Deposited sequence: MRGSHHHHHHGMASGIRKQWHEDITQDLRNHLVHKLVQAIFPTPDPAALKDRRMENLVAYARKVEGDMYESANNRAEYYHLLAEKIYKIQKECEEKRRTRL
């Protein structure tokens, strides 16, 4: 389902952020995983700032379990 704020974000931006996510992780599987991750926050978020936070907060918690 499409929300109002989704109009702000282009597919070129989504593809850019998905591939920033793949960098934070045959290659098709990992990219498929990131599209699933990014897609979930895209639909779940209520605005762009929250959308960017869900991203930011996800790389932060990806880069913490790997630390320990």
| item | value |
| --- | --- |
| Ranges missing from the model, given as deposited sequence positions | 1 to 15, 41 to 52, 96 to 101 |
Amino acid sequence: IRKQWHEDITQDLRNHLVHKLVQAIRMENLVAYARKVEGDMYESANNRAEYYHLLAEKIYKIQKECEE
From here on, numbers count along this sequence of modelled residues.
item	value
Average Cα temperature factor in the PDB entry - higher stretch of 58 to 66, 1 to 9	58 to 66
Assigned third (lowest, middle, highest) for the C-alpha B factor of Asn15	lowest
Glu38, C-alpha B-factor rank within chain (lowest, middle or highest third)	lowest
Third of chain Cα B-factors occupied by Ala49	lowest
